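Before any questions on how it binds or moves, here is one chain, the form deposited in one PDB entry, in structure tokens.
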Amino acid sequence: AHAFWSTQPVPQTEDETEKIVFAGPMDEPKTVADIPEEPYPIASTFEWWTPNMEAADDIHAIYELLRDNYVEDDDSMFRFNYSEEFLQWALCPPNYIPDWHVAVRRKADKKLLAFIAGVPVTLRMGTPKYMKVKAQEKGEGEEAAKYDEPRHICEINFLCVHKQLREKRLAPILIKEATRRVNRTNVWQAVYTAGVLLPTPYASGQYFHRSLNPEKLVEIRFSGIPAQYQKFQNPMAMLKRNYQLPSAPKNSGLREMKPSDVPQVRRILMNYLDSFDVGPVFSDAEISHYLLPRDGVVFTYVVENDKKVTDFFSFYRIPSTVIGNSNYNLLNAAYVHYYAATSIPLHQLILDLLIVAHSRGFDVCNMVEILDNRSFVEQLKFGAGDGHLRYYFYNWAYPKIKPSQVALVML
């Protein structure tokens, strides 16, 4: 069934995943000295390449590979078109390791044929609360809490093989070479997400989308006057009416985040993230990097009253190519990123996200049902999508958890 994945330290079936009681490594412990020092062998016509993520030309190359060959939805209606500025932001967070960015190029002409990227993340990934309960009833609290300390691991994203090289087993070679480069730095776990089902997710959630420009969503038959709008006299006026938003935020105290807000945002986010079973831990430098506004990339607002930040939200932008549509070639989507509410209902905070996003020209707001995202779906008129996002670890046994116990947003 899986000539590659059966060779790897991941849970091999749902059954296995249902038996797992404690968090911990799957593989034999290893040391850096046991890992090969030489890159994995590859065909003599290809060569490994470590792009320089501060070289414009190198980020452009990666940009073009992904524009034309990265992920499409199962109906090939969309392909992501991550921008060069977004790639620089996602690939170069504080303390990133340039060697974790792995590419294959054709030797002859230096054509980029494949890519995978790893970045550091500090993750809480100890045993979940409801497994730790069952572990007091067993006498077993010490083994259940053994890996509670946040761990410095790798987050994998942007795996891409050029369409002309598909189904030639190049993706396993990429994964093996990234694993080697991460293990050479004494890191032995990774976290990653995918739309597809692989062996074997520890959590899975549906996507949700909120229409902000229903006219456009129609012209690119994603909405297409959704079937339920037919019996209306006037399907489009009703559609716009339903999804209309205010012009300006409703919360007194909302403004863009600025650098002097970083400590307060760190505190309120870390307090909120703590409640979930799997979630990141951010330094002030990581909060600065992932939440300070960057044009075209990430947008973050705080509610400040009486000079205290009490709430905030963020969203980031990923445009998609609209496949087979030259009238409307691009979808401008906003994705809910981290947030924390202490003074207002979450629905009132995220209503202001939608207002801001609409004001700034976004066509749709998307999210996975992680964090407390289900608490505002109905009131804010999100609809469940096609598609899911599945969360995975490499070399980490972990019980199945609901997506509302996951606090890691994956770009």
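For the two forms, the rigid core is made up of the largest set of C-alpha atoms that agree within 1.5 Å on superposition. Shifts are known only where both forms have a C-alpha. The numbering used is simple: start at 1 and walk along the sequence shown.
Form deposited in another entry: not shown, discussed below.
S.K.: In a fit on the core, which one among 186, 325, 136, 283 has a Cα that moves 2 Å or more between this form and the one not shown?
M.R.: Among the listed residues, the outlier is 325.
S.K.: So, superposing on the core, is the move of residue 77 at the CA at least 2 angstroms between this form and the one not shown?
M.R.: Residue 77 C-alpha, core-superposed: shift of 2 Å or more.
S.K.: Align both forms on the core first, then report whether residue 246 has a C-alpha shift of 2 Å or more between this form and the one not shown.
M.R.: For residue 246, whose C-alpha is compared between this form and the one not shown after core superposition, the shift is less than 2 Å.
S.K.: When the rigid core is used for the superposition, does residue 196 move between this form and the one not shown (threshold: C-alpha shift of 2 Å or more)?
M.R.: No.
S.K.: Which bits shift between this form and the one not shown if the core is lined up, counting only runs of three or more residues where every C-alpha moves 2 Å or more?
M.R.: After superposing the rigid core, the shifted stretches between this form and the one not shown are 73-77, 226-228, 323-327.
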